[PDB]
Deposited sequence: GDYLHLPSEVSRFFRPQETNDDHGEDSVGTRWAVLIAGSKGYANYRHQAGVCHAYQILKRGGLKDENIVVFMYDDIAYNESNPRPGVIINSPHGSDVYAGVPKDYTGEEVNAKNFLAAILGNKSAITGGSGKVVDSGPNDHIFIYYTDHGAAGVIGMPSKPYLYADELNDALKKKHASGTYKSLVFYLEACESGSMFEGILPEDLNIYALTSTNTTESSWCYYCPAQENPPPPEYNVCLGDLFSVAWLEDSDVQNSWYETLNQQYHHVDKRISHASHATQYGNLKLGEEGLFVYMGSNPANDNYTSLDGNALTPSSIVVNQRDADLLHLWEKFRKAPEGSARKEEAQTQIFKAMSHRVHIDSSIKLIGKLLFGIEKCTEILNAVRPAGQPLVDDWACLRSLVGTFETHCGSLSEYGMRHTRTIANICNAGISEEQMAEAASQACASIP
């Protein structure tokens, strides 16, 4: 049939350069592979190529000596059109549910193949969007269940780059939907950046940012060289696992039988720094390179201070709510609860959402950094704490 692709960078801001660089790079692979622009839905906040901080205006590179990946890339949903509702509607092929953008959706048939590539921030049971609302594991897996129920694809391959990305499918994604998922990490690990100033192969001196993410750069570089007929999904999985092992465990979910299929089926044929710290890396690089006594050094220093102030505040505030809700003693610091292997993060997702909501309305936003604490709040949710109980505990811990 037809090979379709959905490519989505779930973040914004110059520091998140890598996520959009990865989406432009995935597009160049598919275009080279023979996929038509009408079948490739691109979601990218379009704020990198002409960012005030980009040293090469109009260009986006994914490796240090890499060529431009920005030119020729389709823009279906940019800016605030990059959102959960539009992402789920593009997957489902439902144009009536789209708001803004080109209106391109995955209006596929039963002989069609779908390749979904998502790159950004994530935490336990959640993946980011450039602005809230975020996309939780239940919300996403319900959209994939509805897609399967409509019989509008043969098989679907889902590659997800985010921290704790495993938590998006573990104990949720069934092996009977003809969906194969590949996450950058397992349920609890963090993903790492690659092509970073303070790292192995560094970007040109002009760059203060990571050009790639390790898992993304692994499969993208693997797809650039190794032949699509020559290679299977299982082979690619093993090539990325080999390159990424020290940092994370790329994990396979769903129908692993699909791993035996070739990459050409979905992609056509051609012929270290922690992701959660990468924002600070950038401010430190900005600071370090800046001349002494300059406004740029004074600005960078104050940015580091502001970022540190928010990180310290959020961490101390969650740490409080947990002691304030149960006690400090024996068997009372279950915020470090480890969910057993193969179980979903939470049972009542609507409750996890309400508990994250009450924290935010009392203690401040979990809007990028805070996202890391989604597991702590899930353990609070699983402990049986209600929205009433949570808001009460939060109210005291964030008393000004």
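In sequence order, the deposited residues that have no C-alpha coordinates form the ranges 1 to 28, 300 to 317, 447 to 448.
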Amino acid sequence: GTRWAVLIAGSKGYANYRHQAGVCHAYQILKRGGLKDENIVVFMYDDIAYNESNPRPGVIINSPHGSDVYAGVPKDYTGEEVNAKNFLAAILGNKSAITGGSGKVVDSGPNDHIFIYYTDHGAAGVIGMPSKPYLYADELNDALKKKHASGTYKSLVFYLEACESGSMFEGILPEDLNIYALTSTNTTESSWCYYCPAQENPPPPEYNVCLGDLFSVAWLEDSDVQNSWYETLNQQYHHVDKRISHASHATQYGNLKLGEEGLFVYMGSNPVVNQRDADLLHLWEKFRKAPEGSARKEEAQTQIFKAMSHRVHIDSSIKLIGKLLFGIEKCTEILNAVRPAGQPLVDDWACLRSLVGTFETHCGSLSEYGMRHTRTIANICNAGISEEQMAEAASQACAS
From here on, numbers count along this sequence of modelled residues.
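Once the C-alpha B-factors are averaged per stretch, 110 to 118 and 224 to 232 rank with 224 to 232 first. Mean CA B-factor, 75 to 83 versus 177 to 185: the higher value falls on 177 to 185.
As recorded in the PDB entry, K297 shows the highest C-alpha B-factor of the residues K297, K146, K104, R276. Taking the deposited Cα B-factors for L263, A162, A307, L283, the highest one is held by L263. Ranked by Cα temperature factor within the chain, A378 sits in the middle third according to the deposited record. Among all modelled residues in its chain, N54 ranks in the middle third by Cα B-factor. When the CA B factors of the chain's modelled residues are split into thirds, the value for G254 lands in the middle one. In this PDB entry, the Cα temperature factor of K132 sits in the bottom third of its chain's modelled residues, the lowest group.
Among all modelled residues in this chain, the alpha-carbon of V338 has a temperature factor (C-alpha) in the highest third.
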